[PDB]
Visitor: 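Here it is, the structure, as structure tokens.
All values below come from the heavy atoms of this structure, side chains included, with hydrogens, waters and symmetry mates left out. Sequence lines set the chain letters: A, B, ... in the order given, protein chains first and strands last, and positions in each chain run from 1.
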Amino acid sequence: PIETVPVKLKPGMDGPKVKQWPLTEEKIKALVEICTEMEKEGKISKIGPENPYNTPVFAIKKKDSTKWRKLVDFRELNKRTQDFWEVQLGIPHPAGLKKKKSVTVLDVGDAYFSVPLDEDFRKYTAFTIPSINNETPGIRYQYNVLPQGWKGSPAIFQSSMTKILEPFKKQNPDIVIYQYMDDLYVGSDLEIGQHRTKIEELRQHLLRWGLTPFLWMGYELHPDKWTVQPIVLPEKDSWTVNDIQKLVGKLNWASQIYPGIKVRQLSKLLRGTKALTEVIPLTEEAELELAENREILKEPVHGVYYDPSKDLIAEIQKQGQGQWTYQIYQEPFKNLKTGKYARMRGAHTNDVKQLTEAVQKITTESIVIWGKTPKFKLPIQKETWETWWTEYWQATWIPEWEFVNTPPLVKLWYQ
Amino acid sequence: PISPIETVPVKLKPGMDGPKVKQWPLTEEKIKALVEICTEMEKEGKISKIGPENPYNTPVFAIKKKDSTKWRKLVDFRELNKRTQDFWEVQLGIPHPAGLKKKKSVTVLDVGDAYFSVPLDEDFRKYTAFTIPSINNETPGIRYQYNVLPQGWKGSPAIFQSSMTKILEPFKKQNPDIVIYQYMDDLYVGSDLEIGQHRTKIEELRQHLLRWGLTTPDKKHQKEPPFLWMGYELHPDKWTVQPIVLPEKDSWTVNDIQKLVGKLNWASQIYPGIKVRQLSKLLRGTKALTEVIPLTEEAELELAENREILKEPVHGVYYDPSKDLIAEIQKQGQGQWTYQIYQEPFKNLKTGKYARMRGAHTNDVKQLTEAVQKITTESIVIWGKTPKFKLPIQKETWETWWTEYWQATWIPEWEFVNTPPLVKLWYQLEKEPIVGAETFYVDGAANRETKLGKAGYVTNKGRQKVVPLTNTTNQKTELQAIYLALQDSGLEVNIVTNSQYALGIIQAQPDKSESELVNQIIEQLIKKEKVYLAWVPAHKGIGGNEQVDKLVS
DNA sequence: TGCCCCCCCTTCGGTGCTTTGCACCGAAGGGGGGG
Ligand SMILES: Nc1nc(=O)n([C@@H]2CS[C@H](COP(=O)(O)OP(=O)(O)OP(=O)(O)O)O2)cc1F
Ligand SMILES: OC[C@H]1O[C@@](CO)(O[C@H]2O[C@H](CO)[C@@H](O)[C@H](O)[C@H]2O)[C@@H](O)[C@@H]1O
Ligand SMILES: [Ca+2]
Ligand SMILES: [N+]
């Protein structure tokens, strides 16, 4: 006897019509078992071809987890679904979450299955389960309850969510709790033992409502230890023509970010037509120019701030040897954060797994810092990414992405 | 008494009305054979006659069955299809015999009058109206509306196909020991049961279908191999495609070559080594479908090589899940690649080919990677897993490529097979400037209006060159400047350009290009022993860059 | 002079940085195949 919250699509927008991609035998078997159990429990019901919508579905295993977990790629539906901030159901984002010494991420999406979904909106959740060798045509379903991975699920469930958290929040006023998609982010400045203890309390606190993929898992973050990667100029005692050419190139590029950078005095050193390996000494004027440029790169960029109404963009460069650099911004050359990753899973053997890890890491940081996930510019060929990325995806959400091919003419973020 | 097959709700697109297309003139031979078929549907109840209150109509025609003495009724619902809602097709792919496991007993059925045994939506039948001339338009004639799925309506395939699955669902769940491959009305059913039990379950299935109004005539009931299915022939231990007819015409039109290349592709799924590069190359061009094309010396040999492959009958084997999948790739030249998939040596599950040329400039390694990606996805579709790869590329070559390339790339678990021609990188760019090698500052520029330009260089030893160029572009002159420096330098050279364009191309170590010039640059790069390319910004007063920029500008 | 699905090869127009030329990619029309 729970009334359904009516949901609309953005005016002038149809529903998602995204084709189902092929699934490995292990993923189909998992889905067929998961859907058989969801159909018995009424969480999903079969449909036919008269429903013109469709969203891709597959399955993942979270880190250090041996059990499958259904994942629907609701990216297309989420972009077409009415923004609930206009409905005032938006979840505010706490600026103090990134400052906590520890942050645990709990998968609470399971609770969304208790809330029914608006009848008129269920047709938009249609998905199709394929079969190996196309033995059986696609078997289509749709959701009757709040589906995991849909941006409307946490929004509608928030009214129920806040009540469940009421007693724990009042007993622990210094703990930060943020809800994003199927995940709950819980941060504290406590000691790890006390922190993990409080997290266990919140779990059992949830089962108190549970009796009235699973919840037992949690992942630890430490945002207070997150660092950035600035643009750096090498320190040499002797410079070759080539070195100064690279430096002038890099500085000339960097001037789009720091408008005070000059290269006039350094360029004049390349006045002749010299061999690239010729060592040339720095003039008195060029010595001060370099030092002053280093000074400029030390201070922050002027007029760079986070605008809550603009999308986040993330660019990633493969630097080689397991090193990966990234920048996050809303306006070009106004980076809100720059970073570097190294020695991730896959390092020195698998580019795609490493990049998959990088995208997950950057998204997780964006959620903690701004409550948004960025749109990624990926340094990979579309076909290469689409063939493998699902083998390494371990998150319950999926960010937007596009594919780029930018030869590194200037090693700008990594020497 | 049959079980009524629940109707599928169907609607027209909002604000759109039924079709009104009338009928085009029909030959008497066709007008006659039609009325006989319409009356049969009236008897069986497939069509109702009352149509005076119906303002709609859709043209009708007919064509024969594939090598059959029976005409086929078709309705041109193209107009109704536009005004009909959109459906989500449930047919996601085509089964392949290499994905089948061996079975002790097998059967193949066909449902008689598939579309006409499924009840159409009550409210939608009015728009399926159609008129047939009684006698050459002498009298008004018999109008009809469909009571079942008609042919020509875009919703017929998906609706019948979805209904076919809802009918089979209870039989499969109550009989897990059986496998049923459903493709439209075609039906494959196999089990390892004793033949007697198999015939029993088969008849139980025939009865189940007849219980929902679906007949399985004995004329289409295949009981003995070789079973004809999906265009193949299924034997107990091996499978094969149905014979391929290659046109041997001595005068080739554009459409002839199209049909030829089409059958060669279809044959490539089991016949290994098929090539279509030179034959398809004859098709490139805005020629009419009827224009005659003379086969090139290369195209004639390529056709001859393919003929030799098709002379011998080839068969594939079936899938054993207990064994790993092997995929082996060989380079065929000119961006062509064939492969074989197998579990035991020399017993192929299937074969295939990759010859896609994507990108203006590429190399064999990128293409081998693309071939691997094709085979991987194909393997997941047919078996749901990735095969282990045997590739004609050394671990060292691949390591050098993927670790240095600026794009993320990867290949699943694989091993080297020494089967020339091997894939390799044809040149390597230095990471540091070369000591004692001449430094060429290259540059080029072209006039946007006259399309005239200049390319040239100046070196640290005083060597200089400027060459005039006609009908060119900025980008072309930049490549030309680099080309000149390569021609005029010794075996080791430092080259400084400001062309991001040229550097992006060259730094990816292409070995093939659609650009004659780039190919010439590649030929030079292969001859060098050390080559260091560096980029500098323009108009910054840099070394020879300011000097070379004035010369060619 | 129909409908639905898969595949390869060529062409063509839209898109975005290599920029006003060139590279990429998806749609479409040709062919093969299935019902
Ligand atoms: N060319 C075709 N156009 C079609 O619309 N169909 C459709 C989709 S599959 C369905 C089958 O028709 P029905 O069973 O009468 O036709 P059939 O020849 O496959 O079978 P049969 O004569 O009933 O045994 O017709 C098939 C064609 F080959
Ligand atoms: O890799 C992108 C690829 O995915 C598809 C289909 O799965 O679309 C999905 O990914 C897009 C890129 O982020 C999203 O914009 C879209 O919403 C999502 O369905 C393809 O459209 C695309 O080629
Ligand atoms: Ca039939
Ligand atoms: N120039």
Visitor: Nearest whole Å is fine: how far is C:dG31 P from B:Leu246 CG?
Guide: 17 Å
Visitor: Using atom P in both nucleotides, what's the gap between C:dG13 and C:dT18 to the nearest angstrom?
Guide: 25 Å
Visitor: Set out, in order, the CA-CA distance, both residues' side-chain angles and the distance that settles side-chain hydrogen bond (donor to acceptor under 3.5 Å, both in side chains) for B:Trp406 and A:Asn405, then state yes or no.
Guide: CA-CA 8 Å; B:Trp406 58 85; A:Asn405 188 2; 2.4 Å; yes
Visitor: Would you indicate what B:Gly262 reaches in the nucleic acid, counting non-hydrogen atoms under 4.0 angstrom: base, sugar-phosphate, or nothing?
Guide: sugar-phosphate
Visitor: With a 3.5 Å cut-off and just heavy-atom distances, do the side chain of B:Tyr183 and the base of C:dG35 make a donor-acceptor pair?
Guide: no
Visitor: Does C:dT18 carry a north or a south sugar when the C1'-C2'-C3'-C4' torsion is used to decide?
Guide: south
Visitor: For the pair made of CD in B:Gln85 and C1' in C:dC4, what is the distance, rounded to whole Å?
Guide: 15 Å
Visitor: So what's C:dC9 doing, north or south, if we go by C1'-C2'-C3'-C4' (plus is north, minus is south)?
Guide: south
Visitor: Taking for each residue the nucleotide of DNA chain C bearing the nearest heavy atom, is the 5' side occupied by B:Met230 or by A:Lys382?
Guide: A:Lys382
Visitor: Considering the options B:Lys374, B:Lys366, B:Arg358, which one meets the salt bridge (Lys or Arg N to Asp or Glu O under 4.0 Å) requirement together with A:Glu383?
Guide: B:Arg358
Visitor: Round to a whole Å and report the spacing from CG of B:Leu260 to P of C:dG30.
Guide: 19 Å
Visitor: Reckon B:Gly231 touches a base, only the sugar-phosphate, or nothing at all at heavy-atom distances under 4.0 Å?
Guide: sugar-phosphate
Visitor: Below 4.0 angstrom, N of the basic side chain to O of the carboxylate: do A:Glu402 and A:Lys377 qualify?
Guide: yes
Visitor: Using a heavy-atom cut-off of under 4.0 Å over every strand shown, decide if B:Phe61 touches base, sugar-phosphate, or nothing.
Guide: base
Visitor: Pick base, sugar-phosphate or nothing for B:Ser156, based on heavy-atom distances below 4.0 Å to the nucleic acid.
Guide: nothing
Visitor: May I ask you to check whether B:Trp153 and B:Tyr127 place their ring centres under 6.0 Å from each other?
Guide: no
Visitor: Could you check how far CD1 of B:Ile293 sits from P of C:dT10, rounded to whole Å?
Guide: 14 Å
Visitor: Identify whether any heavy atom of B:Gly285 sits under 4.0 Å from a base atom; if not, whether one sits that close to sugar-phosphate; answer base, sugar-phosphate or nothing.
Guide: sugar-phosphate
Visitor: Do A:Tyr329 and A:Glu315 have a side chain donor and acceptor closer than 3.5 Å?
Guide: yes
Visitor: Mind checking B:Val381 for me? I need base, sugar-phosphate or nothing, with any heavy atom below 4.0 Å counting as a touch.
Guide: nothing
Visitor: What nucleotide, of C:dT10, C:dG2, C:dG32, holds the atom closest to the side chain of B:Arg284?
Guide: C:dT10
Visitor: Do A:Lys17 and B:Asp86 meet the salt-bridge criterion of a basic N to acidic O distance under 4.0 Å?
Guide: yes
Visitor: Does the ring of C:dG26 sit north or south, if a positive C1'-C2'-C3'-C4' angle means north and a negative one means south?
Guide: south
Visitor: Going through the checks in order, is the side-chain hydrogen bond (donor to acceptor under 3.5 Å, both in side chains) test met by A:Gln327 and A:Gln317?
Guide: CA-CA 9 Å; A:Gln327 306 76 41; A:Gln317 301 79 34; 2.9 Å; yes
Visitor: Strictly under 4.0 angstrom, non-hydrogen atoms only: write out the protein contact profile of nucleotides 18-24 of chain C, one letter per nucleotide from the 5' end, B, S or -.
Guide: BSBBSSS
Visitor: Taking C:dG2 as the reference, what is the distance to C:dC8 when you measure between their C1' atoms (whole Å, please)?
Guide: 25 Å
Visitor: Looking only at side-chain atoms of B:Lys259, point me to the closest of C:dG30, C:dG32, C:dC9.
Guide: C:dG32
Visitor: Is any side-chain N or O of B:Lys30 closer than 4.0 Å to OP1 or OP2 of C:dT1?
Guide: no
Visitor: Taking the six-membered ring for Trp and the full ring for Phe, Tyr or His, determine whether the centres of B:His96 and B:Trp383 are under 6.0 Å apart.
Guide: no
Visitor: Rounded to the nearest Å, what distance is computed from the CG atom of residue B:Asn265 to the P atom of nucleotide C:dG32?
Guide: 11 Å
Visitor: Based on the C1'-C2'-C3'-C4' torsion angle, does the furanose ring of C:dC5 adopt a north or a south pucker?
Guide: north
Visitor: With sugar-phosphate meaning primed atoms plus P, OP1 and OP2, does B:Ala355 contact a base, only sugar-phosphate, or nothing at under 4.0 Å between heavy atoms?
Guide: sugar-phosphate
Visitor: Work out how far the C1' atom of C:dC5 is from that of C:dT1, and round it to whole angstrom.
Guide: 22 Å
Visitor: Take atom CD of B:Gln242 and atom P of C:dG35, then tell me their distance rounded to the nearest Å.
Guide: 8 Å
Visitor: So, OP1 or OP2 of C:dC8: does either fall under 4.0 Å of a side-chain N or O from B:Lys374?
Guide: yes
Visitor: Taking the six-membered ring for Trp, are the ring centroids of B:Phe61 and B:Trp71 within less than 6.0 Å of each other?
Guide: no
Visitor: North (positive) or south (negative) by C1'-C2'-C3'-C4': which describes C:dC7?
Guide: north
Visitor: So which one's nearest nucleotide on DNA chain C is more toward 5', B:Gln258 or B:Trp229?
Guide: B:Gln258
Visitor: CZ of B:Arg83 versus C1' of C:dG2: gap in Å, rounded?
Guide: 17 Å
Visitor: Rounding to an integer number of angstrom, what distance separates C:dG14 and C:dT19 when you compare their P atoms?
Guide: 23 Å
Visitor: Whether B:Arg277 and B:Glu298 form a salt bridge (side-chain N of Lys/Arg under 4.0 Å from carboxylate O of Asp/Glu) is what I want to check.
Guide: no
Visitor: Expressed as a whole number of angstroms, how long is the span from B:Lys281:NZ to C:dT11:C1'?
Guide: 17 Å
Visitor: Measuring from the side chain of B:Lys154 (C-beta onward, heavy atoms only), which nucleotide among C:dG32, C:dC5, C:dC3 has the closest atom?
Guide: C:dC3
Visitor: Answer with base, sugar-phosphate or nothing: what part of the nucleic acid does B:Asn255 contact at a heavy-atom distance below 4.0 Å?
Guide: sugar-phosphate
Visitor: May I ask you to say what B:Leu92 touches in the nucleic acid, namely base, sugar-phosphate or nothing, with a heavy-atom cut-off under 4.0 Å?
Guide: sugar-phosphate
